[PDB]
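Alright, here's a single protein chain in two forms, structure 1 and structure 2, each given by itself as structure tokens.
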Structure 1
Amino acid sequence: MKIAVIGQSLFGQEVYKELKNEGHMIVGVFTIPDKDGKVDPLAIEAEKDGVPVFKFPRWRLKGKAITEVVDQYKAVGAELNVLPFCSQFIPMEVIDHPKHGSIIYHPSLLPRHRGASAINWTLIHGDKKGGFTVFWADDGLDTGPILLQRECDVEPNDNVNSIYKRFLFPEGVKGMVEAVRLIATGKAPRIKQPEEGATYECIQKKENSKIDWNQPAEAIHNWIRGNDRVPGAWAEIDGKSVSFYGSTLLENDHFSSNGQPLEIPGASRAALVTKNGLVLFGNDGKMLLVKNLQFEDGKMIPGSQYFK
């Protein structure tokens, strides 16, 4: 069938490629502008294939849909919109335009974790199960009826990147293809999302990913891994903002106290720079180990080398 892809990133690129190779006519690709030496991966791939590529900075202005962008969208005549990681607000005029409406990939077990940082909050809350949902867009925020869903186990030391790469990305592409297949054969369902279990969490930016040290080590570990790599959990250390990556909870080594004491403002207790990384303490006195640190200038550095 005729499909418009509205999204961005590698995931968008992969969904576009698999849908095209399934035999679907991609009539248009709607993604983000270059910024600015960098073209979005979905834009690159579609352009290679001679598919119309649109780079709208925005779809609406002062709450109202922008007519130019809506008409340009409608010109390609999609019978279905597919939205893999759309970071822009898409007007319901576009959403409802095609024959089959629009479907959206969302990396949580809806109705849990509605909102654009679902993966982060899956880990921040320490969920044991995670996964993705493909759902039909309605006017709400990730509230639309479910087409399909897929589950995976969350690992104790999963960060955003690892759960994404192990399951959410590759199984997500497969799930998007299967969903379009179900729509094409005419048997895709619409399961109204249940009320119970529904949550929303805020979008994770640098501005709101600052570490609260007054928590158990397990909560701090979850916060750090739940923002690793993006946007990066951070705290102040000796004057400057430092991001923490590659966390794991520890057991019983004592501690080995062979490490070098590192004062961290607000921390329950001074940290330890050890040969294996930065040992941090929660308010329960329990430890986590951070592998890497990054400073204001994106300079990444192993935790073990803070002083060295």
Structure 2
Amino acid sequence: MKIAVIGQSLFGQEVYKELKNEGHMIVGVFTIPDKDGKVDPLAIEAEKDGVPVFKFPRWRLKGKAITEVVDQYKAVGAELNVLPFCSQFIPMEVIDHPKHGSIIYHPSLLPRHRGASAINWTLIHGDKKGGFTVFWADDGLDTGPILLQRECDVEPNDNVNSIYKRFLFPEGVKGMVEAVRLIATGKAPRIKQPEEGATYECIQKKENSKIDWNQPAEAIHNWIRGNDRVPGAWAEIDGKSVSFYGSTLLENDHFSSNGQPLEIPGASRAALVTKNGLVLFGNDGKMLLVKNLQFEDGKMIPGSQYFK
């Protein structure tokens, strides 16, 4: 079928590549403007293939869809829109335009974790299961009926990067390909999302990934890993912003360790720089270990090397 890919990122690129190799006609790719050194990987691949690339800075202005862009979009004659990791607001005129409307990839088990940082919140909340959903776009935020859903276990030390690389990315690509296949056959369902379990969480940016120390170690561990690697959970140490990566929870056994105390404003008690990383305490006095630290515009530095 004739498909428009509206989105970005390496995930967008891979979905594009796989649909193209399944014989679908990609009639256009609609991604974000250059950054400006960087052209989005989705645009790079499409341009090599001679597929039209569009980089609209926005699709609407002062609440109304921009006509010059909506016209450009419609001209390509898509039968289905596929939205891999779309960062832009797409007018419902566009969403609803194609024969089959639009499907969206969302990296959570909808209706849980609606919103753009769903992977982060899966981990921040300490969910034991995660996964992704492919759903039909409607006018709400991540509210449309489910086409298919796929689950995975969340590992106790998963961070955003590990669960994404292991499952959400590679299985997500397959899921989008399978979804389009089911649409091509008229077999794709529209399962109304249940009300029970619906949640929304805010978008994670540096500003709001600051560590709240007045929680148990397990919650701090979940917070760090749920923001690792981006945007990177952080705290002020010695007057500067320090980000934390590579968290694990710790147990007990004495003797081995000799760490050097490190004061962290707000921490329930001082941290310990040890040979294996930075030991942090929760408000329950329990411990977690952070392997890597980062200073503003950060070259990764092992926690063990904070003082040296």
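FYI, numbering is relative to structure 1, first residue = 1. Residues that one form lacks are left out of the comparison. Here, rigid core means the biggest group of C-alpha atoms that superpose within 1.5 Å across both forms.
Engineer: Against the rigid core, a Cα displacement of 2 Å or more between structure 1 and structure 2 applies to just one of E263, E47, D34, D253. Which?
Structural biologist: That would be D253.
Engineer: Superpose on the rigid core and then read off how far the CA of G298 has moved between structure 1 and structure 2, in Å.
Structural biologist: Rounded to one decimal, the shift is 2.2 Å.
Engineer: Just grab the Cα shift of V134 between structure 1 and structure 2 for me, core aligned, in angstrom.
Structural biologist: Core-aligned C-alpha shift comes out at 0.1 Å.
Engineer: Superposed on the rigid core, which segments of at least three residues move by 2 angstroms or more at the Cα between structure 1 and structure 2?
Structural biologist: Runs moving 2 Å or more: 253-257, 297-299.
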